[PDB]
Student: 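First the structure, then my questions, so here it is.
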Amino acid sequence: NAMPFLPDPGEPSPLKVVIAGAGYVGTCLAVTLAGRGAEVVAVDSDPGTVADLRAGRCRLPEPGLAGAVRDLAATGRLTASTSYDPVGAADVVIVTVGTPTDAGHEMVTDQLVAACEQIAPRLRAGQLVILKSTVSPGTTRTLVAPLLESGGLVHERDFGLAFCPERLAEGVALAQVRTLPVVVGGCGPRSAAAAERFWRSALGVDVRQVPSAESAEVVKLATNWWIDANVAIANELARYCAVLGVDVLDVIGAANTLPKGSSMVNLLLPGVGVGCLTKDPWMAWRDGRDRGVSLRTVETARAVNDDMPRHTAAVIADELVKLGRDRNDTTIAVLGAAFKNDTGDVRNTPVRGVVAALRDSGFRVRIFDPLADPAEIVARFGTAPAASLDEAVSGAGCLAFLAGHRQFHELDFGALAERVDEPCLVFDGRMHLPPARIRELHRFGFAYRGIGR
Amino acid sequence: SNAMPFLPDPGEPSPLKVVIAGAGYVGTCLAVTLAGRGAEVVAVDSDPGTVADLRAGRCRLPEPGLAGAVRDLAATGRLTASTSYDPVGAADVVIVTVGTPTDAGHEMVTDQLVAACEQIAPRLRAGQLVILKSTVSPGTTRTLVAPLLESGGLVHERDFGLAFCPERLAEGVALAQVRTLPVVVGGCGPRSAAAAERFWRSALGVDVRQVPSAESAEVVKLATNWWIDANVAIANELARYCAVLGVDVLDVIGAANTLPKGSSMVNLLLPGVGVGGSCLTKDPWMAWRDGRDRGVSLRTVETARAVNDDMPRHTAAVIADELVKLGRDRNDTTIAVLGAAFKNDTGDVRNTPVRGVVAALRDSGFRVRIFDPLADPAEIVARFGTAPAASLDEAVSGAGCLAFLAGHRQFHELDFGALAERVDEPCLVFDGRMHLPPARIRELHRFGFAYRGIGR
Ligand SMILES: NC(=O)c1ccc[n+]([C@@H]2O[C@H](COP(=O)([O-])OP(=O)(O)OC[C@H]3O[C@@H](n4cnc5c(N)ncnc54)[C@H](O)[C@@H]3O)[C@@H](O)[C@H]2O)c1
Ligand SMILES: Cc1cn([C@H]2C[C@H](O)[C@@H](COP(=O)(O)O)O2)c(=O)[nH]c1=O
Ligand code: NA
């Protein structure tokens, strides 16, 4: 009774964890928890996803993830199911299911409601439930808690309930998840103490307590709001630097040497647009609007970042005209299609906006992303990607790096110089190449341009 | 003879000779720091009162430790002053820190800068180094200052060094920051950049961050104030959003800022009662106007300025609303505004957001008493149209509200148990810029106060 909702971490028998949702977040969580000794079962409605995990397969490009899935599924500590039945035997249940938003920027509770309606009858006294899915504030306590209580139990008294925002760093997720402190917002002191004991023992990280689940839900929304609004500042700064003939990355690097606030001045890097950062700031805006608060910094940031794909296409076409090129003699090789660097997800990518604007004007575009699924590129771009990097760049008049994947940095530009059509423009969207690499491109005959570079 | 370096070898026995044009806040902080490390400095200013003060070892600038440093160095003879620009000829380095105010259209008023350059230009000799530190619109150093300095026959970069090095001092801790902050150097060429870097490293003992041009360094200064002002806007809107959920914005900011991001961490700034001073209310508009002239729209600046300009009025509306919810009216409540300065731990009220809060409260029918022991009483009369209270007891005795609109360290050290016996019960404690932790809020309630803040 003194230590509710979690066994002593020193117990010989392993901790039993059920993770609802076997997406990017769920898989990273499952692998890192199983790796530290817990017995984990990932629950997902997709039979294909469950079949892959059970056979130690993972198609996610996240570094070290496919290897860890294959190793842990073989040790038996990582398993998967389409059924929510393993919830009954679990000590901890983590909910990472999808929470999208409609055109009005209001939560689509469907997936979360369905997951909660499956967990509720299987929920047992003494269990700990943690919500990781990004949600509108008040959701854990006013929507999720009554759904979980439909099975007769009471949150905080019979089972622990806490909101812990997901803050995974793509491309380095497995490394960051083992060091990054977890924010815990308990639905009461018992739920707060148990959620903190769980992350410290099962994950081995520090914990940052906030006084309610609503406070922790706002931490997630405030983080995405801060990131989106700071990317908007950086994007506008890059367009200002471009008209002055100054390099935005030197400006940002020098500006960020000033201590300020809780750490340093932190101008974020500009890009080709934003693709968490397009829904969560609007989610806070709609919540604010319904409560009589206008979030003007969110409205402006979204308008600024939504204009960047069209501006990127305009800059590419303008630079090609300056090189004496046109839509009749140039094929553009778009290298990298994913919304974020070192990911393969193209579901909500600003690259779609760049390609559409380049095609809408009349340019021939080839797409290549070594991390993305070719069927997903067909679905989102409407065309099959190039068979390989060599096929994409051969005879291309422009190499537009619109996602800065690590394998693009390891490319031999001397070898690329022999495949492309001279004069070739290297447009740097998300590579953010250092001056030493830009000199190498010029040496091989490439023209180089970035927004504000 | 060989092409010349634009700075003498710091191995020479004679002290470095520096001339600082513009002995205001930035100029005086530089002068005492350079002279304190051994350089011989002459402060050149158009105000005869400032020149007379520096000569006598006096300084009217309230900046902590500044008057003391001036007194010590005037006695050594290393720091002197002049209304005349005749010391320029003998100097190794000329630093320009004159005022660059903007007009109603946010265009820079070049009057002081042109007058300074015109006096410097014919006294310049080959091999000298000229550093511009005043905040300017990009391209000012190369297209305005350089041709004015060349009127004597010298050619910038070939005959003398010209660099832009922005000042990044924060008011109240300027003397501590001038000796620690890395200096950004934007030379008009490689020789100017090398000399300016060697100058800051050897004469100030600080690190240097080179940027490729004077224009790049001019943008660094404007991008910094743009970033700060826009991030205060995010924080103020976040506090207003937290207020409707009843969540504490300081818990949210603290937890959010534990995430590594960019080149450091997520850095949500602290909310307040608005934004004052020249830096954050003028510099982002200067960038906006320069961008507009060149066909670039800075929408984040427009929104940040609108958001922060609305904060004083919103703060007064919150105080008035919380007083009504407490059962207090305009008839039985005198509000004591504690802290008038634009910033915590300074006395500067020249452009303070507290002015807007006080004016909006009075326009709601409330009597307001002002108390700020760090501020000049005459400065409060000129900005607020009323004399501040003689003492803390006069301000708080019988007050129905204690509105902490500047969070000076002095206010954190008050005896709230004693205050509780002087105020009119029930007394509202409004936290504008104290940012009290939950333990301190609990203590106020135990003493009988009603604590409120935006998003607290
Ligand atoms: N105030 C700050 O904290 C701060 C911080 C960073 C940057 N800056 C920039 O530094 C510059 C100076 O700021 P400040 O607050 O010290 O200014 P200030 O207006 O208070 O002082 C300027 C001084 O220059 C003198 N002066 C004017 N024209 C002159 C001339 N032709 N010859 C000689 N002296 C002349 C004036 O008499 C005055 O004493 C501004 O461009 C400002 O943007 C200020
Ligand atoms: C840094 C900072 C400044 N401000 C406001 C107070 C001052 O009026 C103005 C300038 O502050 P600064 O000189 O400390 O940057 O901006 C905030 O409200 N929150 C903050 O976090
Ligand atoms: Na609260």
Side-chain angles (χ1 to χ4, degrees), chain A residues 1-11 13-21 25-26 29-30 33 38-44 81 83-97 99 109 111-166 182-203 207-217 220:
Chain A
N1 289 344
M3 299 287 171
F5 310 146
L6 198 75
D8 191 300
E11 281 292 329
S13 61
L15 187 73
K16 288 174 172 185
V17 184
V18 165
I19 298 174
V25 177
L29 213 18
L33 291 171
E39 278 173 8
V40 185
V41 42
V43 182
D44 206 281
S81 183
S83 177
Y84 275 83
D85 286 356
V87 165
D91 297 297
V92 184
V93 178
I94 303 163
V95 186
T96 78
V97 296
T99 41
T109 64
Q111 276 185 71
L112 182 55
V113 161
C116 288
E117 277 178 345
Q118 283 268 46
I119 292 159
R122 287 149 175 115
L123 209 59
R124 310 218 83 202
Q127 291 184 321
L128 169 64
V129 177
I130 294 157
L131 179 60
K132 275 244 149 185
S133 308
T134 300
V135 290
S136 306
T139 299
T140 301
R141 198 176 64 86
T142 69
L143 173 74
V144 167
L147 282 161
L148 294 179
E149 294 179 328
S150 68
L153 299 171
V154 175
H155 82 271
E156 174 65 9
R157 184 196 74 197
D158 304 330
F159 64 92
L161 182 64
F163 183 83
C164 307
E166 168 274 310
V182 171
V183 175
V184 168
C187 280
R190 290 155 61 81
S191 300
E196 170 164 3
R197 240 155 37 231
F198 168 70
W199 294 110
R200 287 187 180 276
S201 59
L203 192 51
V207 164
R208 180 86 189 207
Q209 290 274 0
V210 287
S212 58
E214 285 96 314
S215 175
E217 290 167 323
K220 181 63 188 176

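Both backbone and side-chain heavy atoms feed into the values below; hydrogens, waters and symmetry mates do not. Residue numbers begin at 1 in each chain, while the letters A, B, ... track the order of the sequences.
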Student: Can you tell me if A:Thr140 and A:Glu217 form a side-chain donor-acceptor pair at under 3.5 Å?
Tutor: yes
Student: Hey, does A:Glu166 have a side-chain heavy atom less than 4.5 Å from the side chain of A:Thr96?
Tutor: no
Student: Near A:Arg122 CZ, under 6.0 Å, is it more than 12 heavy atoms from other residues, nucleotides or ligands?
Tutor: yes
Student: Once rounded to the nearest 0.5 Å, what's the spacing between atom CG of A:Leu15 and atom CG of A:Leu33?
Tutor: 8.0 Å
Student: Less than 4.5 Å apart, any side-chain heavy atom of A:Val95 and any of A:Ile130?
Tutor: no
Student: Tell me the closest heavy-atom pair linking A:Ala120 and A:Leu148, and the distance in Å.
Tutor: CB-O, 3.6 Å
Student: If I compare all heavy atoms of A:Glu39 with all of A:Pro14, which pair ends up nearest, and what's the gap?
Tutor: OE2-CG, 3.8 Å
Student: Heavy atoms, side chains only, cut-off 4.5 Å: are A:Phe163 and A:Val135 in contact?
Tutor: yes
Student: Just by modelled atom types, is the A:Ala90 backbone N or O under 3.5 Å from a matching donor or acceptor in the A:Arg124 side chain?
Tutor: no
Student: With side chains defined as the heavy atoms from C-beta onward, is the minimum distance between A:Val41 and A:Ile19 less than 4.5 Å?
Tutor: no
Student: Hey, does A:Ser136 have a side-chain heavy atom less than 4.5 Å from the side chain of A:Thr139?
Tutor: yes
Student: Looking only at atom types and distance, does a side-chain atom of A:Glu196 sit under 3.5 Å from a main-chain N or O of A:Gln209, one as donor and one as acceptor?
Tutor: no
Student: Restricting to non-hydrogen atoms, name the atom on A:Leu128 and the atom on A:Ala194 that form the minimum distance, rounded to 0.1 Å.
Tutor: CD2-O, 3.7 Å
Student: I'd like to check A:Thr109 versus A:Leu143 (side-chain heavy atoms, cut-off strictly below 4.5 Å). Are they in contact?
Tutor: yes
Student: Of the non-hydrogen atoms in A:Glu149 and A:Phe159, which two are nearest, and what is the gap between them?
Tutor: CG-CZ, 4.2 Å
Student: Any idea which heavy atoms bring A:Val183 and A:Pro165 closest together, and the distance?
Tutor: O-CD, 3.4 Å
Student: Under the side chain to side chain contact (heavy atoms under 4.5 Å, CB included) criterion, do A:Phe198 and A:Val182 qualify, and how do the steps go?
Tutor: CA-CA 11 Å; A:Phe198 168 70; A:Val182 171; over 6 Å; no
Student: Show the nearest heavy-atom pair for residues A:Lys132 and A:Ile94, with the distance to one decimal.
Tutor: CG-CG2, 3.9 Å
Student: Look at atom CZ of A:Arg141 and say whether more than 12 heavy atoms of other residues, nucleotides or ligands are closer to it than 6.0 Å.
Tutor: no
Student: For a 4.5 angstrom cut-off between non-hydrogen side-chain atoms, does A:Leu6 reach A:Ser201?
Tutor: yes
Student: Let me confirm one number: the CD-CG distance from A:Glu156 to A:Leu161, rounded to the nearest 0.5 Å.
Tutor: 9.0 Å
Student: Counting distance only, does the side-chain N/O of A:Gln127 pair as donor-acceptor with the main-chain N or O of A:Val93 below 3.5 Å?
Tutor: no
Student: Between A:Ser191 and A:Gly186, is there a donor-acceptor pair closer than 3.5 Å when you use the side chain of the first and the backbone of the second?
Tutor: no
Student: Test side chain to side chain contact (heavy atoms under 4.5 Å, CB included) on A:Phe5 and A:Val92 and set out the steps.
Tutor: CA-CA 8 Å; A:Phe5 310 146; A:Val92 184; over 6 Å; no
Student: Taking A:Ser215 for the side chain and A:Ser212 for the main chain, is one N or O donor matched with an acceptor at less than 3.5 Å?
Tutor: no
Student: Check whether any side-chain heavy atom of A:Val210 lies under 4.5 Å from a side-chain heavy atom of A:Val184, and answer yes or no.
Tutor: no
Student: Measure the CZ-CZ distance between A:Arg190 and A:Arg157 for me, rounded to the nearest 0.5 Å.
Tutor: 9.5 Å
Student: So, the side chain of A:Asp158 versus the backbone of A:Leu153: is there a donor-acceptor pair under 3.5 Å, distance only?
Tutor: no
Student: So how far is it from A:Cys116 SG to A:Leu131 CG, rounded to the nearest 0.5 Å?
Tutor: 7.0 Å
